[PDB]
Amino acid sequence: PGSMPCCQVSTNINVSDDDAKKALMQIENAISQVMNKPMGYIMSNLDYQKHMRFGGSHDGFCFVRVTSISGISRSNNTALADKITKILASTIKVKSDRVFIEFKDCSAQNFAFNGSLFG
């Protein structure tokens, strides 16, 4: 496969099951577009953290982590930072200035799938 991207959204917004699936599917479509990967290689998650807070406030906030073996560059990080923030702002009503995004580049010797390392 080479690279299987992952995107975990953590948020103190109590997202309904439907809104969660909507956000994750739009994020999955964005990741497939930017990283040029089929849906079968993409992992996504939304994790509700009731106690999370930003800026000393309990208002809506999202912390997004994107992890991938390849495709972690300035061009992709710029595009995905833009796309993911807009998706969350529209689907779960978080304000844009209440969205963090973190990009992590993993070595192929550090990642495994089906019990085998990527190389």
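All residue numbers refer to positions in the sequence shown, first residue = 1.
Annotation for residue 108: CA B-factor lies in the highest third of the chain's modelled residues. Per the PDB record, residue ranking by Cα B-factor puts residue 44 in the middle third of the chain. Sort the chain's modelled residues by C-alpha temperature factor and residue 14 lands in the middle third, per the entry.
The PDB entry assigns residue 74 a C-alpha temperature factor belonging to the highest third of its chain's modelled residues. Residue 24 sits in the middle third of its chain by CA B factor, as recorded in the PDB entry.
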